[PDB]
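Here is the file input_0.tsv (TSV, C-alpha atoms and all ligand atoms).
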chain	number	residue	atom	x	y	z
A	1	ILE	CA	-19.34	14.82	-23.60
A	2	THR	CA	-22.59	13.74	-25.21
A	3	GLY	CA	-22.39	10.30	-26.77
A	4	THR	CA	-23.34	6.66	-26.42
A	5	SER	CA	-22.11	4.39	-23.65
A	6	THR	CA	-19.65	1.71	-24.74
A	7	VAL	CA	-17.29	-0.84	-23.21
A	8	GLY	CA	-13.60	-0.78	-24.04
A	9	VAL	CA	-10.81	-3.13	-23.04
A	10	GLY	CA	-7.30	-2.37	-21.91
A	11	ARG	CA	-4.40	-3.25	-19.66
A	12	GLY	CA	-3.49	-1.52	-16.42
A	13	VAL	CA	-0.15	-0.60	-14.89
A	14	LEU	CA	0.49	-4.15	-13.61
A	15	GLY	CA	-0.34	-5.72	-17.02
A	16	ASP	CA	-3.80	-7.01	-16.10
A	17	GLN	CA	-6.59	-6.87	-18.68
A	18	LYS	CA	-9.87	-5.25	-17.68
A	19	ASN	CA	-13.00	-3.85	-19.28
A	20	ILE	CA	-13.68	-0.13	-18.90
A	21	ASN	CA	-16.82	1.93	-19.44
A	22	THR	CA	-16.31	4.46	-22.23
A	23	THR	CA	-18.35	6.93	-24.31
A	24	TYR	CA	-18.33	7.07	-28.11
A	25	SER	CA	-18.62	10.32	-30.06
A	26	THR	CA	-16.16	10.24	-33.02
A	27	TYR	CA	-13.51	9.09	-30.51
A	28	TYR	CA	-13.90	6.70	-27.56
A	29	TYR	CA	-13.57	8.67	-24.32
A	30	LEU	CA	-12.73	7.55	-20.79
A	31	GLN	CA	-16.19	8.60	-19.62
A	32	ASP	CA	-18.19	6.03	-17.61
A	33	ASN	CA	-21.88	6.95	-17.68
A	34	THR	CA	-22.97	3.94	-15.60
A	35	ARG	CA	-21.92	5.46	-12.24
A	36	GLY	CA	-23.63	8.55	-10.91
A	37	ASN	CA	-23.08	11.64	-13.00
A	38	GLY	CA	-20.06	10.03	-14.56
A	39	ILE	CA	-16.44	9.06	-14.07
A	40	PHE	CA	-14.11	11.06	-16.33
A	41	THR	CA	-10.40	10.45	-16.87
A	42	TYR	CA	-8.03	13.02	-18.40
A	43	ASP	CA	-4.51	13.18	-19.88
A	44	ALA	CA	-2.30	15.81	-18.20
A	45	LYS	CA	0.39	15.06	-20.83
A	46	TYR	CA	3.34	15.41	-18.41
A	47	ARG	CA	2.27	18.97	-17.46
A	48	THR	CA	0.78	20.41	-14.28
A	49	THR	CA	-2.10	22.28	-15.99
A	50	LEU	CA	-5.30	20.55	-14.78
A	51	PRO	CA	-7.32	18.69	-15.78
A	52	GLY	CA	-5.80	18.34	-19.22
A	53	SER	CA	-7.83	16.78	-22.00
A	54	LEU	CA	-10.56	14.19	-21.60
A	55	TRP	CA	-8.93	10.92	-22.60
A	56	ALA	CA	-9.76	10.12	-26.24
A	57	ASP	CA	-8.87	6.90	-28.09
A	58	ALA	CA	-9.49	5.99	-31.73
A	59	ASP	CA	-10.45	2.32	-31.32
A	60	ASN	CA	-11.68	1.64	-27.74
A	61	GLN	CA	-8.64	-0.58	-27.06
A	62	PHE	CA	-6.27	0.65	-24.35
A	63	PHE	CA	-3.21	-1.61	-24.49
A	64	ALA	CA	-0.44	0.96	-25.05
A	65	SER	CA	2.05	1.57	-22.24
A	66	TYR	CA	0.92	5.22	-22.18
A	67	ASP	CA	-2.68	4.06	-21.69
A	68	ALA	CA	-2.05	1.95	-18.59
A	69	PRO	CA	-2.25	4.67	-15.89
A	70	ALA	CA	-5.49	5.97	-17.40
A	71	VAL	CA	-7.06	2.50	-17.52
A	72	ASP	CA	-6.38	1.98	-13.81
A	73	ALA	CA	-7.35	5.49	-12.66
A	74	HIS	CA	-10.66	5.05	-14.50
A	75	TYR	CA	-11.35	1.48	-13.45
A	76	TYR	CA	-10.36	1.89	-9.78
A	77	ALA	CA	-12.44	5.06	-9.46
A	78	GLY	CA	-15.33	2.83	-10.51
A	79	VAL	CA	-14.48	0.18	-7.95
A	80	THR	CA	-14.27	2.83	-5.25
A	81	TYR	CA	-17.65	4.26	-6.32
A	82	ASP	CA	-19.12	0.75	-6.18
A	83	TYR	CA	-17.71	0.16	-2.68
A	84	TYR	CA	-19.23	3.32	-1.23
A	85	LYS	CA	-22.59	2.79	-2.98
A	86	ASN	CA	-23.01	-0.92	-2.33
A	87	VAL	CA	-21.51	-1.06	1.17
A	88	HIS	CA	-22.44	2.34	2.66
A	89	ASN	CA	-25.29	3.55	0.39
A	90	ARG	CA	-23.21	6.62	-0.44
A	91	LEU	CA	-23.53	8.02	-3.98
A	92	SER	CA	-20.09	9.35	-4.94
A	93	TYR	CA	-17.99	11.50	-2.67
A	94	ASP	CA	-20.61	14.18	-1.99
A	95	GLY	CA	-23.47	11.69	-1.54
A	96	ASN	CA	-25.25	13.24	-4.56
A	97	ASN	CA	-23.43	11.42	-7.38
A	98	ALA	CA	-20.87	14.12	-8.14
A	99	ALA	CA	-18.81	13.40	-11.22
A	100	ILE	CA	-15.44	11.83	-10.39
A	101	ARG	CA	-12.62	13.38	-12.42
A	102	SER	CA	-9.04	12.07	-12.58
A	103	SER	CA	-5.93	13.23	-14.44
A	104	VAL	CA	-2.97	10.94	-15.17
A	105	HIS	CA	0.56	11.59	-16.47
A	106	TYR	CA	0.79	14.59	-14.14
A	107	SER	CA	4.21	16.30	-14.46
A	108	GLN	CA	7.47	14.35	-14.99
A	109	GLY	CA	8.77	11.68	-12.63
A	110	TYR	CA	6.20	12.74	-10.03
A	111	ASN	CA	6.24	10.40	-7.02
A	112	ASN	CA	2.79	11.22	-5.67
A	113	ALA	CA	-0.97	11.25	-6.21
A	114	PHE	CA	-3.53	13.56	-4.65
A	115	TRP	CA	-7.04	14.88	-4.45
A	116	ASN	CA	-6.73	18.63	-5.18
A	117	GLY	CA	-10.12	19.65	-3.76
A	118	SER	CA	-11.93	19.00	-7.06
A	119	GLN	CA	-10.32	15.98	-8.75
A	120	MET	CA	-7.77	13.18	-8.57
A	121	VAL	CA	-4.23	13.72	-9.85
A	122	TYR	CA	-1.71	10.88	-10.46
A	123	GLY	CA	1.99	11.10	-11.15
A	124	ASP	CA	3.78	8.42	-13.15
A	125	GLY	CA	6.56	8.03	-10.58
A	126	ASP	CA	10.26	8.13	-11.46
A	127	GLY	CA	10.35	4.38	-12.15
A	128	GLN	CA	12.45	3.70	-9.05
A	129	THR	CA	10.48	5.03	-6.08
A	130	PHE	CA	7.11	4.55	-7.81
A	131	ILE	CA	5.56	3.29	-11.01
A	132	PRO	CA	2.36	5.12	-12.08
A	133	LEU	CA	0.45	5.52	-8.85
A	134	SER	CA	-3.04	4.76	-10.17
A	135	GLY	CA	-1.84	1.15	-10.37
A	136	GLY	CA	-2.58	0.89	-6.65
A	137	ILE	CA	-6.25	0.41	-5.81
A	138	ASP	CA	-5.52	1.43	-2.21
A	139	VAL	CA	-3.87	4.66	-3.51
A	140	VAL	CA	-6.92	5.51	-5.63
A	141	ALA	CA	-9.37	4.77	-2.83
A	142	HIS	CA	-7.17	6.51	-0.23
A	143	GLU	CA	-7.24	9.79	-2.10
A	144	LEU	CA	-10.91	9.56	-3.13
A	145	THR	CA	-11.67	8.99	0.53
A	146	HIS	CA	-10.13	12.40	1.25
A	147	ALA	CA	-12.96	13.80	-0.90
A	148	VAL	CA	-15.50	11.86	1.19
A	149	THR	CA	-13.94	13.25	4.37
A	150	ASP	CA	-13.92	16.80	3.00
A	151	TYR	CA	-17.69	16.59	2.35
A	152	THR	CA	-18.47	15.01	5.73
A	153	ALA	CA	-16.33	15.42	8.86
A	154	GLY	CA	-14.11	18.03	7.25
A	155	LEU	CA	-11.09	17.12	9.37
A	156	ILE	CA	-8.43	19.82	9.05
A	157	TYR	CA	-5.18	18.57	7.52
A	158	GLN	CA	-2.87	19.18	10.45
A	159	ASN	CA	-1.91	17.67	13.81
A	160	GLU	CA	-4.29	15.07	15.31
A	161	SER	CA	-7.26	15.96	13.09
A	162	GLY	CA	-5.05	15.53	10.05
A	163	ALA	CA	-3.67	12.21	11.28
A	164	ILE	CA	-7.28	11.03	11.69
A	165	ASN	CA	-7.99	12.30	8.16
A	166	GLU	CA	-5.04	10.25	6.86
A	167	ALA	CA	-6.02	7.15	8.83
A	168	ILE	CA	-9.59	7.32	7.48
A	169	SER	CA	-8.14	7.32	3.96
A	170	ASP	CA	-5.88	4.34	4.79
A	171	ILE	CA	-8.77	2.44	6.40
A	172	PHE	CA	-11.14	2.83	3.46
A	173	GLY	CA	-8.38	2.48	0.89
A	174	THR	CA	-7.63	-0.90	2.47
A	175	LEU	CA	-11.30	-1.86	2.71
A	176	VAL	CA	-11.75	-1.08	-0.99
A	177	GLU	CA	-8.69	-3.22	-1.71
A	178	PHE	CA	-10.33	-6.09	0.22
A	179	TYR	CA	-13.64	-5.42	-1.60
A	180	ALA	CA	-11.92	-5.87	-4.96
A	181	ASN	CA	-10.22	-8.96	-3.49
A	182	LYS	CA	-6.99	-8.87	-5.54
A	183	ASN	CA	-4.00	-9.51	-3.27
A	184	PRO	CA	-5.55	-7.65	-0.31
A	185	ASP	CA	-3.46	-6.63	2.67
A	186	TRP	CA	-3.16	-4.03	5.44
A	187	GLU	CA	-0.25	-2.17	3.80
A	188	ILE	CA	-0.46	0.99	1.71
A	189	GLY	CA	0.90	1.39	-1.82
A	190	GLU	CA	2.68	-1.97	-2.18
A	191	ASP	CA	1.50	-2.41	-5.77
A	192	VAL	CA	3.22	0.74	-7.07
A	193	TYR	CA	6.07	1.35	-4.59
A	194	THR	CA	9.69	0.44	-5.40
A	195	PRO	CA	9.46	-1.98	-8.35
A	196	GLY	CA	12.97	-3.11	-7.49
A	197	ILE	CA	12.16	-4.18	-3.91
A	198	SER	CA	9.67	-6.92	-3.09
A	199	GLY	CA	7.55	-6.94	0.05
A	200	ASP	CA	7.67	-3.27	1.08
A	201	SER	CA	5.14	-0.41	1.01
A	202	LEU	CA	4.74	3.19	2.20
A	203	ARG	CA	2.98	2.31	5.48
A	204	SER	CA	1.66	-0.67	7.42
A	205	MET	CA	-1.60	-0.60	9.35
A	206	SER	CA	-0.99	-3.90	11.14
A	207	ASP	CA	2.55	-2.93	12.22
A	208	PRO	CA	3.11	0.79	11.60
A	209	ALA	CA	6.53	0.51	13.24
A	210	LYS	CA	7.63	-1.75	10.34
A	211	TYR	CA	8.24	1.56	8.52
A	212	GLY	CA	9.01	3.68	11.59
A	213	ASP	CA	5.55	5.06	12.28
A	214	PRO	CA	4.20	5.12	15.84
A	215	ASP	CA	1.87	2.41	17.11
A	216	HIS	CA	1.13	4.00	20.51
A	217	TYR	CA	0.11	7.52	21.53
A	218	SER	CA	3.19	7.81	23.76
A	219	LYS	CA	5.34	7.52	20.62
A	220	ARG	CA	3.54	10.22	18.65
A	221	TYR	CA	5.48	12.76	16.64
A	222	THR	CA	5.12	16.22	18.15
A	223	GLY	CA	7.06	18.39	15.68
A	224	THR	CA	5.97	20.36	12.63
A	225	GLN	CA	7.15	18.22	9.70
A	226	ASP	CA	4.41	16.68	7.55
A	227	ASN	CA	1.77	19.16	8.78
A	228	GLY	CA	2.39	17.98	12.33
A	229	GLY	CA	2.91	14.33	11.41
A	230	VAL	CA	-0.33	13.55	9.60
A	231	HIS	CA	1.22	10.56	7.73
A	232	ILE	CA	3.22	9.54	10.80
A	233	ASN	CA	0.74	9.71	13.67
A	234	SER	CA	-1.85	8.09	11.42
A	235	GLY	CA	-0.12	4.86	12.45
A	236	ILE	CA	-1.67	5.12	15.92
A	237	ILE	CA	-5.22	5.17	14.50
A	238	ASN	CA	-4.42	2.69	11.73
A	239	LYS	CA	-3.21	0.26	14.37
A	240	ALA	CA	-6.38	0.70	16.41
A	241	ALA	CA	-8.46	0.06	13.29
A	242	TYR	CA	-6.43	-3.04	12.44
A	243	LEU	CA	-6.96	-4.34	15.98
A	244	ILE	CA	-10.70	-3.67	15.88
A	245	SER	CA	-10.98	-5.71	12.68
A	246	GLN	CA	-8.44	-8.50	13.17
A	247	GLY	CA	-7.75	-8.54	16.92
A	248	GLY	CA	-4.48	-9.01	18.73
A	249	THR	CA	-2.57	-8.24	21.89
A	250	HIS	CA	-0.61	-4.99	21.66
A	251	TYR	CA	1.49	-3.56	24.49
A	252	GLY	CA	-0.19	-6.16	26.67
A	253	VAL	CA	-3.78	-5.14	25.85
A	254	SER	CA	-5.89	-7.83	24.19
A	255	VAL	CA	-8.46	-6.98	21.50
A	256	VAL	CA	-11.06	-9.39	20.10
A	257	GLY	CA	-11.49	-8.72	16.41
A	258	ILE	CA	-14.92	-8.11	14.90
A	259	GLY	CA	-14.01	-8.20	11.21
A	260	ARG	CA	-13.52	-5.76	8.35
A	261	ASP	CA	-17.20	-5.21	7.56
A	262	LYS	CA	-18.03	-4.02	11.09
A	263	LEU	CA	-14.86	-1.93	11.18
A	264	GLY	CA	-16.11	-0.27	8.00
A	265	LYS	CA	-19.60	0.36	9.35
A	266	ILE	CA	-18.27	1.78	12.63
A	267	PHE	CA	-15.77	4.14	11.05
A	268	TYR	CA	-18.11	5.20	8.23
A	269	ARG	CA	-20.71	6.16	10.85
A	270	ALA	CA	-18.09	7.97	12.97
A	271	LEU	CA	-16.88	9.90	9.91
A	272	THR	CA	-20.32	10.94	8.71
A	273	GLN	CA	-22.18	11.49	11.99
A	274	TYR	CA	-19.78	12.38	14.81
A	275	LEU	CA	-16.39	13.69	13.71
A	276	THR	CA	-15.82	17.43	13.23
A	277	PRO	CA	-13.11	19.51	11.56
A	278	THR	CA	-11.04	19.77	14.75
A	279	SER	CA	-11.62	16.32	16.27
A	280	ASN	CA	-8.63	14.94	18.14
A	281	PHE	CA	-7.74	11.31	18.86
A	282	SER	CA	-9.69	11.20	22.14
A	283	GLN	CA	-12.73	12.57	20.31
A	284	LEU	CA	-12.27	9.93	17.61
A	285	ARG	CA	-12.39	7.23	20.28
A	286	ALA	CA	-15.64	8.72	21.58
A	287	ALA	CA	-17.07	8.91	18.06
A	288	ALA	CA	-16.17	5.28	17.36
A	289	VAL	CA	-17.59	4.12	20.70
A	290	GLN	CA	-20.84	5.99	20.01
A	291	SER	CA	-21.03	4.66	16.44
A	292	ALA	CA	-20.55	1.05	17.55
A	293	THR	CA	-23.20	1.64	20.23
A	294	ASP	CA	-25.73	2.93	17.68
A	295	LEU	CA	-25.13	-0.08	15.45
A	296	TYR	CA	-24.65	-2.98	17.87
A	297	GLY	CA	-25.71	-1.87	21.36
A	298	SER	CA	-24.01	-0.55	24.49
A	299	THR	CA	-23.14	-4.05	25.77
A	300	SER	CA	-22.00	-5.52	22.47
A	301	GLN	CA	-18.64	-7.13	21.82
A	302	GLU	CA	-18.22	-4.52	19.11
A	303	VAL	CA	-18.25	-1.64	21.60
A	304	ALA	CA	-15.94	-3.50	23.99
A	305	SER	CA	-13.45	-4.16	21.19
A	306	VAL	CA	-13.42	-0.52	20.11
A	307	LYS	CA	-12.51	0.44	23.68
A	308	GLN	CA	-9.81	-2.24	23.94
A	309	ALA	CA	-8.24	-1.19	20.65
A	310	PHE	CA	-7.95	2.46	21.62
A	311	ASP	CA	-6.68	1.32	25.04
A	312	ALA	CA	-3.99	-0.74	23.28
A	313	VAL	CA	-2.67	2.31	21.41
A	314	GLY	CA	-2.87	4.59	24.45
A	315	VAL	CA	-5.81	6.77	23.36
A	316	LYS	CA	-8.29	7.55	26.12
B	401	LIG	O1	-0.36	9.39	1.98
B	401	LIG	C1	-0.80	9.69	0.88
B	401	LIG	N1	-1.63	10.72	0.66
B	401	LIG	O2	-1.97	11.56	1.71
B	401	LIG	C2	-0.47	8.89	-0.37
B	401	LIG	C3	-1.25	9.36	-1.60
B	401	LIG	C4	-0.44	8.79	-2.77
B	401	LIG	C5	0.67	8.00	-2.10
B	401	LIG	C6	-0.10	6.82	-1.48
B	401	LIG	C7	-0.77	7.41	-0.23
B	401	LIG	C8	0.98	8.87	-0.88
B	402	CA	CA	-6.42	2.53	-28.69
B	403	CA	CA	-2.34	-5.60	-1.98
B	404	CA	CA	-2.57	-2.44	0.17
B	405	CA	CA	8.30	-2.55	-3.81
B	406	ZN	ZN	-3.78	11.02	2.33

What is this file in structure tokens?
Ligand SMILES: O=C(NO)[C@]12CC[C@H](CC1)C2
Ligand SMILES: [Ca+2]
Ligand SMILES: [Ca+2]
Ligand SMILES: [Ca+2]
Ligand SMILES: [Ca+2]
Ligand SMILES: [Zn+2]
Amino acid sequence: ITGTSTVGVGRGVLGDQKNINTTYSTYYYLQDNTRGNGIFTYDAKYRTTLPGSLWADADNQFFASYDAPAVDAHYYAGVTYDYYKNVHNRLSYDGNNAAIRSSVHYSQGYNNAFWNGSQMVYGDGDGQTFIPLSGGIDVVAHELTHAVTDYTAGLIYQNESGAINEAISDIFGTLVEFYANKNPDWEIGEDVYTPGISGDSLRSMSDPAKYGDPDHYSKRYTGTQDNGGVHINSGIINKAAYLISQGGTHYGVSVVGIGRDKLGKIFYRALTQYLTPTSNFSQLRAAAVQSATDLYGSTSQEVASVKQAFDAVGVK
């Protein structure tokens, strides 16, 4: 909407207070004009009709329980925008400052969140499996990274290409979590998963097998569930990415870590310059090797570590 840019205050899903960029025109709207062509957050009002209504508030204070998922969807979209702009010089998900739209309170008891091709959608969870999923910065950045992938490599969401697509979202969701530097880790969804159980998550990048996901190509899922295992076989690539960043010895193969920032540069370059819609794991290795070569040189430690990491997970 047309209006004047303002700054509200509210509390997110985990009870933390944060400032949020709003727009005033009679009401205060969750419309951040400071980032690109805007970040817009909507109330789906427990329905599945999208986007719902642009979030309007009478006093620019967002401390009601019902407000909390909107606060976090809005704020963490901004953090994710900032990460891509400041770290990779990418302006929103299309590189041309496309507006980022999110809807919260999607359906009833909905234990998921997703990019639908045009916008972000967040369930509130059923209170047992999940609390409102926008409370997880890695969730928000994971799904917004699907938008980045769709506008760049275009990896198809099935089989090995789809597992790469998923791993890219886990990698950059985790790197955004580290960027924001609040309780960062290499697990996915821990802030909103199972409020009754401490120390778990949906997936681990450092030890995918902690939750039953494969950590070596020989252990890959070969059936048809989950679009050919896109959230399962992502563990193989997630593990390689973890090893590139942090190092380790895995099935007897030693990897010298090169740190998160270089991991991010290597995989961002692979995603945007070398991967294609049907890339498989072997082609991802080649893309990462070439990316690290462009950035650091053929004889760099960085290139050697990329090779070791894919060796360690059995991807040639
Ligand atoms: O895997 C996922 N998407 O493909 C999810 C997205 C929301 C939950 C956190 C990560 C599941
Ligand atoms: Ca209010
Ligand atoms: Ca965390
Ligand atoms: Ca995490
Ligand atoms: Ca938990
Ligand atoms: Zn995903």

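The shortest atom-to-atom distance to residue 33 in chain A, with only C-alpha atoms taken into account, belongs to A:3 out of A:3, A:167, A:62, A:253.
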
Closest atom pairs, residues of chain A within 7 Å of ligand CA 402 (chain B), all atoms listed in the file, as JSON lines:
{"residue": "A:57", "atom": "CA", "partner": "B:CA402", "partner_atom": "CA", "distance": 5.0}
{"residue": "A:58", "atom": "CA", "partner": "B:CA402", "partner_atom": "CA", "distance": 5.5}
{"residue": "A:59", "atom": "CA", "partner": "B:CA402", "partner_atom": "CA", "distance": 4.8}
{"residue": "A:60", "atom": "CA", "partner": "B:CA402", "partner_atom": "CA", "distance": 5.4}
{"residue": "A:61", "atom": "CA", "partner": "B:CA402", "partner_atom": "CA", "distance": 4.2}
{"residue": "A:62", "atom": "CA", "partner": "B:CA402", "partner_atom": "CA", "distance": 4.7}
{"residue": "A:63", "atom": "CA", "partner": "B:CA402", "partner_atom": "CA", "distance": 6.7}

Filtering to C-alpha atoms, could you give me those residues as a compact mmCIF listing (two decimals), keeping the file's coordinate frame?
# COMPACT_ATOMS: atom_id res chain seq x y z
CA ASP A 57 -8.87 6.90 -28.09
CA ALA A 58 -9.49 5.99 -31.73
CA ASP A 59 -10.45 2.32 -31.32
CA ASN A 60 -11.68 1.64 -27.74
CA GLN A 61 -8.64 -0.58 -27.06
CA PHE A 62 -6.27 0.65 -24.35
CA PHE A 63 -3.21 -1.61 -24.49

Task: For range 306-312 of chain A: contacts at 8 Å, all atoms listed in the file, fewer than 6 positions along chain excluded, given as a ChimeraX atom specification - done: /A:216,240-241,243-244,249-255,285,288-289,292

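Reported to one decimal place, the separation of CA of residue 93 in chain A from CA of residue 148 in chain A is 4.6 Å.
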
TODO: Please identify every polymer residue within 6 Å of ligand ZN 406 (chain B), using only C-alpha atoms and all ligand atoms, and present the set as a list in words.
DONE: residues 143, 166 and 169 of chain A

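Computed from the coordinates, the atom CA of ligand CA 405 (chain B) to CA of residue 193 in chain A distance equals 4.6 Å.
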
Please, which residues in chain A fall within 9 Å of ligand CA 403 (chain B) when counting all atoms listed in the file, and what is the closest atom pair and distance in Å to one decimal for each, ordered by chain then residue number, as JSON lines?
{"residue": "A:136", "atom": "CA", "partner": "B:CA403", "partner_atom": "CA", "distance": 8.0}
{"residue": "A:137", "atom": "CA", "partner": "B:CA403", "partner_atom": "CA", "distance": 8.1}
{"residue": "A:138", "atom": "CA", "partner": "B:CA403", "partner_atom": "CA", "distance": 7.7}
{"residue": "A:174", "atom": "CA", "partner": "B:CA403", "partner_atom": "CA", "distance": 8.4}
{"residue": "A:177", "atom": "CA", "partner": "B:CA403", "partner_atom": "CA", "distance": 6.8}
{"residue": "A:178", "atom": "CA", "partner": "B:CA403", "partner_atom": "CA", "distance": 8.3}
{"residue": "A:181", "atom": "CA", "partner": "B:CA403", "partner_atom": "CA", "distance": 8.7}
{"residue": "A:182", "atom": "CA", "partner": "B:CA403", "partner_atom": "CA", "distance": 6.7}
{"residue": "A:183", "atom": "CA", "partner": "B:CA403", "partner_atom": "CA", "distance": 4.4}
{"residue": "A:184", "atom": "CA", "partner": "B:CA403", "partner_atom": "CA", "distance": 4.2}
{"residue": "A:185", "atom": "CA", "partner": "B:CA403", "partner_atom": "CA", "distance": 4.9}
{"residue": "A:186", "atom": "CA", "partner": "B:CA403", "partner_atom": "CA", "distance": 7.6}
{"residue": "A:187", "atom": "CA", "partner": "B:CA403", "partner_atom": "CA", "distance": 7.0}
{"residue": "A:188", "atom": "CA", "partner": "B:CA403", "partner_atom": "CA", "distance": 7.8}
{"residue": "A:189", "atom": "CA", "partner": "B:CA403", "partner_atom": "CA", "distance": 7.7}
{"residue": "A:190", "atom": "CA", "partner": "B:CA403", "partner_atom": "CA", "distance": 6.2}
{"residue": "A:191", "atom": "CA", "partner": "B:CA403", "partner_atom": "CA", "distance": 6.3}

I need the chosen residues saved as a CSV table (one decimal), in the frame of the given file, with C-alpha atoms.
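Contents of the output file result_31.csv:
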chain,number,residue,atom,x,y,z
A,136,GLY,CA,-2.6,0.9,-6.6
A,137,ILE,CA,-6.2,0.4,-5.8
A,138,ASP,CA,-5.5,1.4,-2.2
A,174,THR,CA,-7.6,-0.9,2.5
A,177,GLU,CA,-8.7,-3.2,-1.7
A,178,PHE,CA,-10.3,-6.1,0.2
A,181,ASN,CA,-10.2,-9.0,-3.5
A,182,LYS,CA,-7.0,-8.9,-5.5
A,183,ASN,CA,-4.0,-9.5,-3.3
A,184,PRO,CA,-5.6,-7.6,-0.3
A,185,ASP,CA,-3.5,-6.6,2.7
A,186,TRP,CA,-3.2,-4.0,5.4
A,187,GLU,CA,-0.2,-2.2,3.8
A,188,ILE,CA,-0.5,1.0,1.7
A,189,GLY,CA,0.9,1.4,-1.8
A,190,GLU,CA,2.7,-2.0,-2.2
A,191,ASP,CA,1.5,-2.4,-5.8

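Of note, CA of residue 115 in chain A and CA of residue 40 in chain A are spaced 14.3 Å apart.
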
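Nearest to ligand CA 405 (chain B) of all the residues A:299, A:305, A:273, A:201 is A:201, based on all atoms listed in the file.
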
Report the closest atom pair, with its distance in Å rounded to one decimal, for each residue of chain A that has an atom no farther than 6 Å from ligand LIG 401 (chain B); count all atoms listed in the file, sort by chain and then rising residue number, and write it as CSV.
residue,atom,partner,partner_atom,distance
A:112,CA,B:LIG401,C4,5.0
A:113,CA,B:LIG401,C4,4.3
A:114,CA,B:LIG401,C3,5.7
A:139,CA,B:LIG401,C6,4.8
A:189,CA,B:LIG401,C6,5.5

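Comparing the minimum interatomic distances between ligand CA 405 (chain B) and each of A:90, A:101, A:203, A:47, counting all atoms listed in the file, we find that A:203 sits nearest.
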
Task: Exercise: residues within 6 Å of coordinate (0.4, 7.7, 14.8), counting all atoms listed in the file, as a list in words - done: residues 214, 215, 220, 232, 233, 234, 235 and 236 of chain A

Task: A:168, A:192, A:44, A:99 ranked by distance to residue 284 in chain A, top pick (using all atoms listed in the file) - done: A:168

Open item on the list: as an NGL selection string, please: the residues near residue 293 in chain A (cut-off 12 Å, all atoms listed in the file, same-chain neighbours under 2 positions excluded).
Closed with: :A and (262 or 265-266 or 269-270 or 286-291 or 295-307)

Residues of chain A at most 6 Å from ligand CA 405 (chain B): nearest atom pair and distance in Å, all atoms listed in the file, as CSV:
residue,atom,partner,partner_atom,distance
A:190,CA,B:CA405,CA,5.9
A:193,CA,B:CA405,CA,4.6
A:194,CA,B:CA405,CA,3.7
A:195,CA,B:CA405,CA,4.7
A:196,CA,B:CA405,CA,6.0
A:197,CA,B:CA405,CA,4.2
A:198,CA,B:CA405,CA,4.6
A:199,CA,B:CA405,CA,5.9
A:200,CA,B:CA405,CA,5.0

Just write the chosen residues, C-alpha atoms, as a CSV table (one decimal), in the coordinates of the input.
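To be explicit, this is the file written out as part33.csv:
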chain,number,residue,atom,x,y,z
A,190,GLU,CA,2.7,-2.0,-2.2
A,193,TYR,CA,6.1,1.4,-4.6
A,194,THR,CA,9.7,0.4,-5.4
A,195,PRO,CA,9.5,-2.0,-8.4
A,196,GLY,CA,13.0,-3.1,-7.5
A,197,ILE,CA,12.2,-4.2,-3.9
A,198,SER,CA,9.7,-6.9,-3.1
A,199,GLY,CA,7.6,-6.9,0.0
A,200,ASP,CA,7.7,-3.3,1.1

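Using only C-alpha atoms, the shortest contact distance between residue 228 in chain A and any of A:202, A:164, A:68, A:256 is found at A:164.
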
- [ ] With a distance cut-off of 10 Å and only C-alpha atoms, select the neighbouring residues of residue 78 in chain A, excluding the residue or stretch itself and same-chain residues fewer than 6 positions from it, and output the selection as a PyMOL selection string.
- [x] chain A and resi 20-21+32+34-35+38-39+72+92+100+141

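Proximity to residue 237 in chain A was assessed for A:124, A:170, A:261, A:294 counting all atoms listed in the file; the smallest distance is recorded for A:170.
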